[PDB]
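> Sequence first, structure after, both from an experimental entry:
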Amino acid sequence: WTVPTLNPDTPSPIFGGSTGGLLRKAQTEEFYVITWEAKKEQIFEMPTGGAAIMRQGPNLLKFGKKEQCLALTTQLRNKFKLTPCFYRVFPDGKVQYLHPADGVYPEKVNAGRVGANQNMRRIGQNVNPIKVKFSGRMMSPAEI
Amino acid sequence: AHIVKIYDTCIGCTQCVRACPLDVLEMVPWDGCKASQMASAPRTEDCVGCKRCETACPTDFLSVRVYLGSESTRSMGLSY
Amino acid sequence: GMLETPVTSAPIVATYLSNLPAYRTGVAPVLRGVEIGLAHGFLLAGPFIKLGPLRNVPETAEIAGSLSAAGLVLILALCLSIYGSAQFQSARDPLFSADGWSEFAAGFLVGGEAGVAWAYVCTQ
Amino acid sequence: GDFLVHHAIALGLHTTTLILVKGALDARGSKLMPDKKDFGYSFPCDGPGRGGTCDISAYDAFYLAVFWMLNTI
Amino acid sequence: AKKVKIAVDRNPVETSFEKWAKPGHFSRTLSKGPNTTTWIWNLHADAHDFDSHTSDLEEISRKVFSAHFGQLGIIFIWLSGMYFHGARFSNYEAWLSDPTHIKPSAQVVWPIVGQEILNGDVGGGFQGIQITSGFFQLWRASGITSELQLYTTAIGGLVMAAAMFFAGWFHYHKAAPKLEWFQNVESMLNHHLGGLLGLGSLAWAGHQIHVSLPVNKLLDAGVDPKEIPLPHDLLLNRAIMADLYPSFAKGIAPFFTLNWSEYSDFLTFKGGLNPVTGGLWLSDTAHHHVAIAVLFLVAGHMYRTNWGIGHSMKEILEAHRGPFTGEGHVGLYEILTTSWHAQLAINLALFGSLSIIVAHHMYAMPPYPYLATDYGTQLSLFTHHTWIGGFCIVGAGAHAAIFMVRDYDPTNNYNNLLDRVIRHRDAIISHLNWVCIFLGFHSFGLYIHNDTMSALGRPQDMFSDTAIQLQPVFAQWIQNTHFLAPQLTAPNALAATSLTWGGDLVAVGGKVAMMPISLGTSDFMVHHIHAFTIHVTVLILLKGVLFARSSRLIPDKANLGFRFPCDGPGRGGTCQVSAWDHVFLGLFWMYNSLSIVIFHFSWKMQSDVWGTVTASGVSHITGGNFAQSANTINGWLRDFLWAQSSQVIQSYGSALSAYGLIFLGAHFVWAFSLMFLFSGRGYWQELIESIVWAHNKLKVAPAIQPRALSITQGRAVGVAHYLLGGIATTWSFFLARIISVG
Amino acid sequence: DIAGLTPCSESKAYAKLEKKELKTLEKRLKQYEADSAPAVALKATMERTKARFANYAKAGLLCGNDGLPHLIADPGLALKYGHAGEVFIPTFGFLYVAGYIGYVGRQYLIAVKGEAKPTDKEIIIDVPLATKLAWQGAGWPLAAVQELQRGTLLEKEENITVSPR
Amino acid sequence: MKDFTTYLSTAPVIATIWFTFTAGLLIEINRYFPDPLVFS
Ligand code: CLA
Ligand code: CLA
Ligand code: CLA
Ligand code: CLA
Ligand code: CLA
Ligand code: CLA
Ligand SMILES: CC1=C(C/C=C(\C)CCC[C@H](C)CCC[C@H](C)CCCC(C)C)C(=O)c2ccccc2C1=O
Ligand code: SF4
Ligand code: SF4
Ligand code: SF4
């Protein structure tokens, strides 16, 4: 498996538009693109409101925040048995592939993943806040 | 960004990963539990702090914990 | 993606907006403020003259109403000045720049005060 | 008449103390939130899980107590 | 084409007490029994949520149909009780002889712990609680003259109540209709228009022509009630009727020969009010109900059932499409024949709106004899029916949202009206948001302006009739048009529909029945407060409906359901995002709006309409102080609340002392509710832990684990006690005030 | 007398209060006929009122300047001056009934915790078991002391859950 | 009949009966011993 490359030419689902879509943040900060392959034309629900028709084959939609792309991913995966992926697109044209991060969806354990933010103790074994006082900022005993 | 930590009481049931609406968590190989897998939090810059993961955790007390931290556009969930 | 309506996208509407001094690029920012200042300064005297605390006084009403409108123009000019200081700290249209907005604010003050004065002349 | 109102005042003092004392003594933790001390004095809540945890922080106990202090005074 | 026909299932459900002894049987979650106290609350919250217990639409429909027979059975018991208490525990017979000087009463309290003081001296040699429901005036209008007639109606009500409860059992356990039976919307409308409404109106017109009119004609002539012929004598003896109405000497021939002008003696178009009773002419109501019957019997032949002729409702909807609205009304027929919540949303909205119209039309055009001069009944009826309408309208918002989350399906709604409304919801809500701010500033801000100018000693700077004026010229113009209608635009009407338009007052028993209502600056200001409060209530409710399924904040709100507390402290905090929470907030604003509506009605009627009539003229209850005082907040606090609360807070030791007690009791319940609205369960659960420790220490800990209320229940408890306390406070305040000075 | 109070039987305000209350009823009684039901009801209220003022004075209640009975709560003053029936005796009446209710409920709770499904016996009451316990609760003061002396009334600290500290 | 008597043993029904009985006892005592303020 290798990181896919976004194709901006991909056609988008049939949709008449709405007032729930992108704002000035997309022009200045970042936006998100989700793509998937559809087996047939089918009506699905937009996370921004309304019904859209996915074209047979490649599809492409743009969203304002990451949660919107993953919300549609959950719908497509569970209700239609599809395998979408999405990216983060910066105003200068840079594209950052996001999901699934390593080609395998996170709920399925995969080799080569390195644990992060794992504490080798129980919650009840955290130290008292007095022991981390005056550490340079506000920090919980769970941060050590 | 919020702070998400996984503790060694995890049973590797995967329910926190399935419940995360932001894809912050994932399952990695482990040897400390029967399932031989542990939850991980590699992408905490995207955590919004909803705590759906904590709601899904079966262990007592929790094995996944969210500590709300500094607020950015991503953590605040803004689309503008 | 976005919802297009006759109000949002129409030929008559679009042409009218482009003619307004706010959207008329290629014009010096100071001139933009003066034209915008004159329009707003003239109308502002109305409500103060006809509904102020001295409205019923025969001749003092015109002076007090226009004089109060002039004070509101000064406050508005100060609001423009600080807005430019905050918004522009670090492009195509010179108006949206630190130097351009300052000139635009200055024009609004001169135009606004003149508009108030012109309104007073019309009354008397 | 003075008898009845003096017991109203005692009701106010004891209830205000109950809220403030409960807030202080549970500030570090409870059966509902065993690790509360890891979250600090003031924080929103711990989310809808475990039945729902609105106003669980010691700061919120003080917030509730002020209403009773005003009623008592 | 499917034939419209009866279709049932034989013996679908066995009649047994087995499930009565198994609480929670109806739900898969609760049927296993309690482990915590939350189970107990969940049992009751889910009891009638039929569609959450099953997905079979037929099973849901049958439960709905039999639940409705249960409701009707209860209403018949309630009605039977009212008639019975009128027959056995009232002064109705005495009241009939002297309606102006006797107070209606139909409740008598037992003498115990000193409570018999509540049996006041209401007149007619009787002691009891004075009623304000207006049943006495309704009974007189229908021609009832004896306790025997009231008693017989009460018996018949119980027989009907038993029949309703039998029908509910029969149509759920014995012969339950199939889903196709329920979906005959064309046939249902034909029967409910032509049959329920058309025949019902025709039948009632029959009672009015043959019983109400003859009896009320003799009552208004001073004839003693016991000397009036019994109703069956009027029915069997045409000669007696012909004496009262000569046209009866010609029988029904004029009706069949189209000589309808012969019946002008009992089918009239007088308008105005009967000067003896102060109510509408009964000959006008009889012609009204005849005309209504014909209209609804015609309406009941519009829809196609089984004989080709008629309209297909689906064909009508699909034909009405235009350039601006995509597919238009396509798919609405399917929604409205498969979702009960969609049907309930429309029906509650209009039934509630209808209730508010009834409140206005009955005060202005009092339909019952001696209703207008019973100020206690007039104030009560208007307030009661206004509140029902407000509550019903909020329920419309709730069940529109429930349809949005549970029953809405995108595949069936593509580019139609419903789909297109969702796709510009930000445009709808953003504009409605602006209107509310504009209305709030320019309506309540005017009062704040007036309070400040008055406090600064500049009355000449106030918005008032003697200062800067805000005349409701449009409303004034409409009044003039309606007052002059009989001359030009209603040539055959003797008088205008109502005396509120203009003209001369009607006095009954030395008191004003109705008179013209003038509209000044104060009336202009309060009407734009009403506009403000309604628009905000709509904003809260409409927002909940349009964002029930998703928003920019929570992209997948639909998966979280109709009723959930939040989606966590993240995203800055998402408390009360669910549609249910919008109904929760909408209730408060509905309460705030309708409180001002009824305060407007109460003060305006006392100040400018109600009063005593003597040689010197009309002296109103509050002496016409609404015009100059109602334009400041301090005016409402002083001249309305402080001044008119004198009766209720001084009622101890009198028959009205029960209103004094409830006045304080309602203040208590209102304040008690703030405990639930301001706090959170996390605090209470931790408190319960310490109390549980004490019970554990003494080996008296319950097996069902105590739990603090759920987040959503805490809100439901808070609003329920808020509304009950707030409404019951004004209820006591109104009744003590009006029963004393009325 | 105690705390400056005076006996109600010797209080002018107390006597005046009774006259006002009867005077209010007498005024209402004028508008009704002798045999009519309202007249009978009003006279019955008047008889109860006269008996009430007679009984309270007979019981020896102390009246304030307002003419209203005032209760005495200190056991010493109550027993010394014959006011024990105001607060002191009622005190032990309540505590007997209240403990009766509490003790019976506790017995039922303990009895059903040995069943297969204890929570089912808390929403569907075992009426035969509840009835038996209700009758035996008349001796709770004796039973409660024996448990206190036997060390079985209270549970041991090692079996009670607590939060971290 | 077993099931019906089981239904009558549910908490709301028992509470209704018990409080109806308790209220009746308190009301009837005040009917025969009116206006009791002290014990004599
Ligand atoms: C004696 C006859 C009888 C019997 C033995 C049954 C038995 C059964 N019915 Mg049937 N039913 C009957 C009469 C009967 N029904 C009648 C008269 C109707 C018409 C209303 C119905 C309508 C009906 C429906 C629509 C349903 C049942 C269902 C059931 C089952 C569960 C019942 C349950 O849990 O009740 C316990 C419930 C109660 C005790 C609530 C009683 C509610 C009534 C209307 C009185 C409320 C009045 C009260 C004063 C309201 C205000 C309270 C306030 C004052 C505090 C069970 C097989 C349910 C089922 O699952 O069937 C398979 C079901 O869905 N029945
Ligand atoms: C002319 C025929 C007719 C009449 C008079 C009614 C009357 C009524 N229907 Mg409708 N209905 C009809 C035909 C009719 N229906 C047909 C043909 C269908 C199938 C398409 C339906 C399907 C239907 C449903 C699904 C429901 C109703 C309901 C109602 C009630 C609404 C509440 C109300 O206004 O109470 C006013 C109350 C009265 C005026 C009391 C009238 C009582 C007498 C007994 C007449 C009842 C009508 C009945 C058809 C008579 C014969 C019944 C049987 C012995 C043959 C009302 C009693 C609702 C309801 O509450 O049901 C319980 C409801 O849920 N109806
Ligand atoms: C539904 C409403 C209604 C009803 C029920 C009635 C009823 C009546 N009206 Mg009224 N009326 C109404 C509306 C109504 N009216 C309206 C709207 C108007 C205004 C236009 C009038 C204007 C009016 C006038 C001007 C007169 C009446 C009269 C009458 C009476 C005689 C009618 C007649 O000649 O019938 C003719 C025949 C029939 C109606 C058919 C009867 C069929 C029977 C019941 C069949 C029974 C068969 C069965 C097998 C028998 C078994 C027996 C058993 C023992 C074995 C009657 C009591 C007359 C009267 O005398 O009033 C006092 C009269 O003069 N009405
Ligand atoms: C025709 C009228 C109607 C009907 C048939 C329904 C039916 C339904 N509604 Mg809807 N609703 C209505 C009107 C109606 N509603 C109105 C007017 C409102 C606005 C207030 C709402 C607001 C509303 C909400 C917000 C919700 C529903 C829900 C429901 C469902 C479950 C109800 C339940 O289990 O209650 C069980 C009944 C109770 C727990 C009893 C409640 C008693 C209240 C709180 C207090 C009553 C006080 C009393 C009148 C006076 C004081 C008495 C006291 C002193 C003893 C059901 C489909 C629920 C749902 O999820 O539907 C899908 C839901 O969440 N409704
Ligand atoms: C008296 C109490 C109060 C007040 C003043 C408000 C005010 C408001 N509420 Mg709120 N609300 C209240 C109680 C109150 N609420 C309660 C108890 C609840 C819980 C149920 C809510 C729940 C609630 C909801 C759910 C919503 C509102 C909405 C609104 C807004 C309506 C639009 C409007 O009129 O804007 C104009 C503001 C006013 C009329 C308030 C007074 C303005 C004064 C007179 C102006 C003074 C100007 C002056 C220059 C001040 C200078 C000061 C200084 C700097 C020198 C407004 C901000 C709605 C909203 O946001 O609509 C857009 C809305 O959705 N409220
Ligand atoms: C709640 C607290 C409280 C308070 C403030 C009082 C206050 C009082 N009690 Mg009371 N008393 C109480 C509870 C209380 N008592 C209880 C619970 C009991 C039952 C055990 C009694 C039994 C009791 C008796 C038997 C007598 C009093 C007496 C008195 C009065 C004078 C004695 C004294 O100094 O008492 C101050 C109180 C205390 C320091 C607390 C302990 C008091 C003990 C129990 C009684 C002491 C009596 C004293 C030695 C008598 C001296 C001679 C006397 C003629 C002055 C005084 C007003 C005396 C009195 O005036 O009777 C008419 C008296 O004879 N009390
Ligand atoms: C006061 C309060 C509580 C505590 C309230 C509770 C636990 C409800 C108490 C209900 C009754 C009184 C307890 C159960 C009663 C039983 C049915 C037994 C009754 C016995 C009699 C018949 C004798 C909350 O749980 C809560 C939750 C969320 C927001 C606000 C609040 C809140 O304000
Ligand atoms: S708090 Fe929410 S976004 Fe963050 S890891 Fe947990 S479930 Fe995911
Ligand atoms: S839900 Fe809890 S136990 Fe399961 S994988 Fe996540 S952290 Fe581990
Ligand atoms: S509703 Fe309660 S639990 Fe949910 S976010 Fe708000 S405070 Fe936290």
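Perfect, thanks for sending it. Numbering: from 1, shown residues only, chains lettered A, B, ... in the order given. Ligands and ions are numbered 1, 2, ... in the order given.
> Name the SS class of the residue nearest the centre of chain D, please.
In chain D, the residue lying closest to the centroid (C-alpha atoms, centre = their mean) is residue D:61, at 2.8 Å. Residue D:61 falls in the helix class when you classify it by DSSP: H, G, I helix; E, B strand; the rest coil.
> Quick one: name the residues of chain E near ligand 1.
Within chain E, the positions adjacent to ligand 1 are E:13, E:15-17, E:19-20, E:26, E:63, E:66-67, E:69-70, E:165, E:168-169, E:172-173 by C-beta under 6 Å from any ligand atom. Heads up, the C-betas are built off the backbone N, CA and C, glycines and all.
> Quick one, which of those are buried?
Buried subset of the residues of chain E next to ligand 1 (neighbour count, 16 or more other C-beta atoms under 10 Å in any protein chain shown): E:26, E:63, E:66, E:69, E:165, E:168, E:172, E:173.
> and the fourth one, what does it touch?
Neighbouring residues of residue E:69 by C-beta atoms under 8 Å, 6 or more residues apart in numbering or on different chains: E:164, E:165, E:167, E:168, E:171.
> 10 Å instead, please
E:163, E:164, E:165, E:166, E:167, E:168, E:169, E:170, E:171, E:172 (C-beta atoms under 10 Å, 6 or more residues apart in numbering or on different chains).
> now swap in the second one and tell me
Residue E:63 makes contacts with E:26, E:48, E:50, E:51, E:53, E:54, E:172, E:176, as judged by C-beta under 10 Å, 6+ apart.
> Spatially, which pair of these is furthest apart? Let me know, please.
Greatest spatial distance in those: E:48 and E:176, 18.0 Å, computed using C-beta to C-beta.
> Scan chain D for its longest helix.
The helix that spans the most residues within chain D, counting by DSSP state H, is helix D:2-25.
> Do that one and ligand 7 come into contact?
No. Shown here: helix D:2-25 not in contact with ligand 7 (C-beta under 6 Å from any ligand atom), separated by at least 11.8 Å.
> Checking residue A:58 next. Helix, strand or coil?
Using three-state DSSP, the structure places residue A:58 in strand.
> Once you drop chain neighbours, what's closest to it?
For residue A:58, ignoring the flanking residues on the chain, the nearest one in space by C-beta to C-beta, 6 or more residues apart in numbering or on different chains is residue A:10 at 4.6 Å.
> Give me the three-state assignment for that neighbour.
Under the three-state scheme (three-state DSSP), residue A:10 adopts coil.
> Keep only those of the residues of chain E next to ligand 1 that are in helices.
E:63, E:66, E:67, E:69, E:70, E:165, E:168, E:169.
> and of these, the nearest to residue F:103?
residue E:70 (41.9 Å).
> so what's the closest one up against?
Listed by C-beta under 10 Å, 6+ apart, the contact set of residue E:70 reads E:164, E:165, E:167, E:168, E:169, E:172.
> ok, the residues you listed vs chain G, which is closest?
Nearest to chain G among these is residue E:169, at 15.8 Å by C-beta to the nearest C-beta.
> My guess is the closest one contacts residue E:14. True?
No. Applying C-beta atoms under 10 Å as the test, residue E:169 and residue E:14 come out as separate, 12.0 Å apart.
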